[PDB]
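Bear in mind that the values in this text are calculations on the coordinates, not laboratory data. All Cβ positions, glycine included, derive from the backbone under ideal geometry; neighbour counts span all protein chains shown.
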Amino acid sequence: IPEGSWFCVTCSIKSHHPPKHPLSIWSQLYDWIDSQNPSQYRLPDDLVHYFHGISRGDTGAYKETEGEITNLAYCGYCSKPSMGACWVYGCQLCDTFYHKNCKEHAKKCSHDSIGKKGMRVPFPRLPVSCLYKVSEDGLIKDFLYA
Amino acid sequence: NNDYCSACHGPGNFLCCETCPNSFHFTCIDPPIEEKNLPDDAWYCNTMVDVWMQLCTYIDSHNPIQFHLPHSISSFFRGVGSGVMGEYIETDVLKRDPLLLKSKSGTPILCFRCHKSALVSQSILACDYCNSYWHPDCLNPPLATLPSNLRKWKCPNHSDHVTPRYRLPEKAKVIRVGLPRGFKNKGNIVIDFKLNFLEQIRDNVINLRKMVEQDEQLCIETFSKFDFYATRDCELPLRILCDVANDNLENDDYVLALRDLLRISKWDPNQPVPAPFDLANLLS
Amino acid sequence: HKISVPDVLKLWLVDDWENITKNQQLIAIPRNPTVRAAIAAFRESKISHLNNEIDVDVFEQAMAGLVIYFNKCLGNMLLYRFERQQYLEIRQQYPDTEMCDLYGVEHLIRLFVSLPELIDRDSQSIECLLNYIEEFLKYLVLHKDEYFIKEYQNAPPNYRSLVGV
Amino acid sequence: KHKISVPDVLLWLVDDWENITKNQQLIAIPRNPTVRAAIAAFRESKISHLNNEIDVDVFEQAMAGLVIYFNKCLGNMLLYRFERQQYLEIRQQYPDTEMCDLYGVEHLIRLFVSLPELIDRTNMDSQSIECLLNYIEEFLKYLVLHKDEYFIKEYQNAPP
Ligand SMILES: [Zn+2]
Ligand SMILES: [Zn+2]
Ligand SMILES: [Zn+2]
């Protein structure tokens, strides 16, 4: 722990310009990383809103909200995902699941073998929009190759 | 009146107006007639789609005007501006003395190709996109005159003469391409004491003796060949003539002239070629 | 008020501007797809979402009003001076034809573009108008071989002298 | 630029979310295999197939940058904040080993899933982002091809 007036990484780059990196694929990524801050992991909001019911919370976790689209955990009673427990009534030939509380809707596909059915787990745009900076050496190696 | 068309601001034969004094090219006017109106003219003196089509029908009584562009579409690309009568000009090619000897930055003014000044051939040219000077006699098309002193000139040593046309959105930025090979584009790229004076004098002396020995050995080997240079290079035309007059088809440079003759008379591949002497009656 | 234009259309507009006001070239006015086919071709493609009836009526009103209106501005304010002469000749070769039957969508996008200006004289209708203006713009740019020309014509030698050249 | 294709098995990521946070658990993070031992696998997997010099040079640059990039990000923005005190626990055990060689490839795929939202903070050109996202999605596919020995099979219900 240093005493006095502590400063974060943004308060660090607030006073002294850090050195930059050469030109490779990750240069700008490195700079962005060094610049901003530390903070926890946040899944993409495209991912948490994928399964029905579940959603983030205020500094929160997998929230198994009660189940009430074309590829989530479809149920044969009310078309609801399996809240809190992905175990449902299925067989080796079943197609749609049925909750353990919805076992009144246990189904059976049109199959030949009688399998074990139970609690289981399953626009044109501009052709020139900007100027590009290049490096002389990649250009030179490109030319020599061609 | 005013002596400019009230639509396009142009000079010419005006249909003027008596009451509301303006001028129209009479085809820049209202529905073009053709011409020829000598008596008084008086050119136009006088919440749903319902009211907006009433706007449509109200546009009638307001004396036509030319079309230009909105401020957002003409002022969008780089180096594009309107004229004074609303035509398209390039504002990046705007703004001569033949004999220049020293620039105002106090440097010599020597051609980029032959290295000599504006005294061997009477005139020199200065590039506006570089720091290079050229003799109009050295460019390869040779300039017979000189450009105007109001448009900029561009020396032969740029790539703008081969990149086709692209126009830039005038607020684009420069994207730093970090991709260390195989980047595709079409030409829109920017690019990213000993204090020895005695040694210098000795350097120069020994270099000069090197050069002297070099040419002293060149002339030794050249000057002993004069006797065969003269013989062959001066009896050549008579050897060519002795080959042609004897009709040597083995002189592979004779039959190439014979093929030039077949290629001048535009021979048709159907007839047989003539004997090599009889094709020579193309010449006379 | 302001509408948004596909940057491809800005590039094309400025190319036409330079091509006629500086390079002395012309659009070959008799248009294979005209301004009247290019509104029916939009109605018959947009009618698939005409669910509510008030919207159907407003869409119909707008399309009819705007074709008859483009007919009332092709002589006033949709031409550069170098395009007035070619006007007369066609007005003399087709005497009593509607203009939104000869000219094309090259001259019609000039009317869509120039309408935050002409709209200054405002409850709902302007918004529903500009909405179809934008959708028409991006419906035209998608069909660049249905509503646009493949070359500008070279203005004839006798033509230049009659306008001021 | 905006999109990846997470193949519909990594059903794992969100599960990873639950245990650490709700069904309180942990990953003890001395790990074998480590990140560095899998990149250097997929590299050797694919680099035997690239034809020209351009392809092998860009692949090599991306992979080296990726080991170094996982190094510099793994600390500040790649942990669920319950594997944070335990991160301090492990930071005292090994002081002389870089972070790119103590974690299996289960945090790396968190990087893989959150990369595009990070390339939407920089002004890269279309070909940089295109090849980058292509390579990392190919890596995700290769990982689901071999998840036997790469991903963990249990969780460490640990004290605070
Ligand atoms: Zn006029
Ligand atoms: Zn010269
Ligand atoms: Zn120059």
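Please arrange C:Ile133, C:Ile90 by counting, for each residue, the other beta carbons lying within 10 Å of its beta carbon, fewest first.
On the way: C:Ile133 19, C:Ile90 15.
With the sparsest Cβ surroundings first, the list reads C:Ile90, C:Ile133.
Enumerate the amide H contacts of B:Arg176 below 5 Å, restricted to partners 5 or more residues apart or on another chain; note that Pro and chain-start residues carry no placed amide H.
Long-range HN contacts for B:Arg176: A:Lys133.
Region D:111-160 to region A:1-42: how many Å between their Cα centroids?
23 Å
Rounded, prolate or oblate: which one fits region A:1-49, using the alpha carbon gyration tensor with axes a ≥ b ≥ c (rounded when a/c is under 1.5, else prolate when a/b beats b/c, else oblate)?
Because a/c hits 1.5 or more and a/b fails to exceed b/c, region A:1-49 counts as oblate.
Return the long-range amide H neighbours of B:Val93 (sequence gap of 5 or more, or a different chain), with a cut-off of under 5 Å between placed amide H atoms.
Counting only residues 5 or more places away or on other chains, the set is empty.
Round to a whole angstrom and tell me the spacing of the C-alpha centers of region B:66-113 and region A:96-141.
Each part reduced to its Cα centre gives a spacing of 56 Å.
Across the residues of D:76-84, average count of Cβ atoms on other protein chains within 10 Å?
Per-residue shielding by partner chains comes out at 4.
Give me B:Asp128, D:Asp57, B:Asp253 ranked fewest to most by other Cβ atoms within 10 Å of their Cβ, as a rough exposure proxy.
Going from sparsest to densest Cβ surroundings: B:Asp253, B:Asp128, D:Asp57.
HN-Hα J couplings of region B:146-157 from phi, Karplus 6.51/-1.76/1.60, θ = phi - 60°, integer Hz, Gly and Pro as x?
Whole-Hz 3J(HN,Hα) from phi for region B:146-157: 10, x, 6, 7, 10, 10, 6, 10, 10, 5, x, 9.
Would you please classify the overall shape of region D:1-132 from the alpha carbon gyration tensor, given that a ≥ b ≥ c denote the square roots of the eigenvalues, rounded means a/c under 1.5, and beyond that prolate means a/b larger than b/c while oblate covers the rest?
prolate
List, in order, the whole-Hz ³J(HN,Hα) value for each residue of region C:136-142 obtained from phi through the Karplus relation with A = 6.51, B = -1.76, C = 1.60 and θ = phi - 60°; use x for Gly and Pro.
For region C:136-142, the Karplus curve yields 5, 4, 6, 7, 6, 5, 6 Hz.
Can you tell me how the protein assembly as shown classifies by the Cα gyration tensor, rounded, prolate or oblate, using a/c under 1.5 as the rounded cut?
Numbers: a/c = 2.01, a/b = 1.21, b/c = 1.65.
It is oblate, given that a/c is not under 1.5 and a/b is not larger than b/c.
Set the bar at 28 Å for Cα to Cα. Now go through B:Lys152/B:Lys173; C:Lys46/C:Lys144; A:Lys133/B:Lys194 and name every pair that lies beyond it.
Going by Cα-Cα distance, A:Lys133/B:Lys194 fall outside the 28 Å limit.
Considering every residue in C:107-118, what mean count of other chain Cβ atoms within 10 Å of its Cβ is obtained?
Values: counts 1, 0, 0, 2, 1, 0, 5, 5, 1, 2, 2, 3.
Counting Cβ atoms of other protein chains within 10 Å of each residue's Cβ and averaging gives 2.
Could you list the chymotrypsin sites (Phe, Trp or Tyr not before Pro) in region B:115-158 that lie in coil according to DSSP, counting only those with at most 16 other Cβ atoms within 10 Å of their Cβ?
Qualifying residues, ordered by number: B:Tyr129.
Enumerate the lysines that A:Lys80 could reach by cross-link, defined here as Cα to Cα under 25 Å, with residues fewer than 8 away along the same chain left out.
Straight-line reach from A:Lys80, under 25 Å: A:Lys63, A:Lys100, A:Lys103, A:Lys107, A:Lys108, A:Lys116, A:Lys117, D:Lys22.
Straight distance only, please: which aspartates and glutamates reach the Cα of B:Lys186 with their own Cα at less than 16 Å, same-chain residues fewer than 8 apart left out?
Answer for B:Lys186, where 16 Å is the Cα cut-off: A:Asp142, B:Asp160, D:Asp125, listed by chain and number.
Net charge within 12 Å of B:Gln66 by Cβ-Cβ distance, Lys/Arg positive one each and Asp/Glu negative one each, not counting B:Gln66 itself?
Net of charged neighbours comes to +1.
Per-residue HN-Hα couplings for region A:129-146, Karplus 6.51 cos²θ - 1.76 cosθ + 1.60 at θ = phi - 60°, whole Hz, x for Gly and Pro?
For region A:129-146, the Karplus curve yields 9, 6, 9, 10, 8, 10, 9, 5, 6, x, 4, 5, 5, 4, 5, 4, 4, 4 Hz.
For region C:1-70 and region B:183-231, what is the separation of their Cα centres, given in Å?
70 Å
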